[PDB]
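Residues take their numbers from the sequence shown, with the count starting at 1.
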Amino acid sequence: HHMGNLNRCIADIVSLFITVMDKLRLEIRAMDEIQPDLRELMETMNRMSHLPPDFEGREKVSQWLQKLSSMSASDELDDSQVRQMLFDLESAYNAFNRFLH
């Protein structure tokens with residue numbers, strides 16, 4: 001038994017999307033508490049060579065990473081930013097699932 005890179009990436013991307021969304025639903029707000037998982041999600045999409053270069057889901061995650069890069073470690077996302085991030089992550093997750101079909 002041996003699992004390939006692609007299937008490991010798919011499992012990690014699905015679990016990271018849901019983990020980041022769940023943290024946001026649990027009122028986790030600090031940049032240093034959300035950003036590391038988001039970075040892990042972005043890098044795993046980057047390791048998934050089968051994704052199209054302009055893939056929608058990666059663009060949404062990247063834009064959030066860029067936004068978080070302007071914050072201090074201790075800065076917190078506000079209610080509006082959390083709701084928007086959840087909408088963007090749901091949209092990126094759905095785009096990933098659509099890609100798989």
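- Between the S15 side chain and the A11 main chain, a donor and an acceptor come within less than 3.5 Å of each other.
- Checked by atom type and distance alone, the side chain of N5 pairs as donor or acceptor with a backbone atom of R47 at under 3.5 Å.
- Just one residue in the list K60, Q66, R58 forms a side chain to side chain donor-acceptor pair (under 3.5 Å) with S62, and that residue is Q66.
- No donor-acceptor contact under 3.5 angstrom links the side chains of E40 and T44, judged on distance only.
- Proximity of a side-chain donor or acceptor of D75 to a complementary backbone N or O of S72 within less than 3.5 Å is detected.
- Put simply, the side chain of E56 reaches to within 4.5 Å of the side chain of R98, judged on heavy atoms.
- Contact annotation: the side chain of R39 approaches that of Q35 to within less than 4.5 Å [non-hydrogen atoms, C-beta and beyond].
- No more than 12 heavy atoms of other residues, nucleotides or ligands sit less than 6.0 Å from atom CD of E27.
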Discussion item. Could you walk me through whether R29 and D79 satisfy the side-chain contact (heavy atoms from CB on, under 4.5 Å) test, starting with their C-alpha distance in whole Å, then the side-chain angles of each, then the deciding distance to 0.1 Å, before giving a yes or no?
Written reply: CA-CA 9 Å; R29 305 284 191 93; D79 284 353; 2.5 Å; yes
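- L24 has its side chain within reach of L89: a pair of non-hydrogen atoms, C-beta onward, lies under 4.5 Å apart.
- Side-chain contact check for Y93 versus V14: some heavy-atom pair is nearer than 4.5 Å.
- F55 meets the ring-ring contact (aromatic ring centres under 6.0 Å, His included) test with no other residue; sequence neighbours excluded.
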